[PDB]
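J.:
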Amino acid sequence: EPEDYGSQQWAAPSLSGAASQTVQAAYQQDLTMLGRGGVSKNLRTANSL
Amino acid sequence: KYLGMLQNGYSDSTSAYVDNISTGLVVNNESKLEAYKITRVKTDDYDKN
């Protein structure tokens, strides 16, 4: 069996920040770009965002 | 419990204490790597704020 990996890599966000509409819209746009197209503009996601 | 969290350039906040911090860095004097460890004891109402 494996162990926990991402528990200590998670930066706790504010409640307003986690529920922000911009973040969800950006993630959904990236997912749709991945699924239907494949263009990899801004290849690194810059995990600070 | 002995070493704490090894600092290697994680995300922006990520905290740094579990409740210790310890990691190695290259000394400026020469090309030898040293290791340092810092321990913190909370005080005067750290939990609030």
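The listed protein sequences correspond, in order, to chains A and B.
The first sequence begins at 1 in our numbering and counts up by one.
The second sequence begins at 101 in our numbering and counts up by one.
For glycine and all other residues, C-beta sits at the position ideal for the given N, C-alpha and C.
(1) Grouping DSSP H, G and I as helix and E and B as strand, with all else coil, what is residue 102(B)?
(2) May I have the straight-line CA-CA distance separating residue 6(A) from residue 126(B), to the nearest angstrom?
(3) Which residues mark the beginning and the end of the alpha helix (DSSP H) in which residue 32(A) is found?
(4) Classify residue 15(A) as helix, strand or coil using the three-state DSSP reduction.
(5) Hey, quick one: how far does the beta strand (DSSP E) through residue 125(B) stretch, first residue to last?
(6) Between the beta-carbon of residue 112(B) and the beta-carbon of residue 48(A), is there less than 8 Å?
(7) Residue range of the beta strand (DSSP E) that residue 49(A) falls in?
T.: Straight from the coordinates:
(1) coil
(2) 28 Å
(3) 21-32
(4) helix
(5) Counting along the chain, the beta strand (DSSP E) containing residue 125(B) begins and ends at 120-126.
(6) A contact, by the Cβ cut-off of 8 Å.
(7) Segment: none, residue 49(A) is in no beta strand (DSSP E) and carries neither H nor E.
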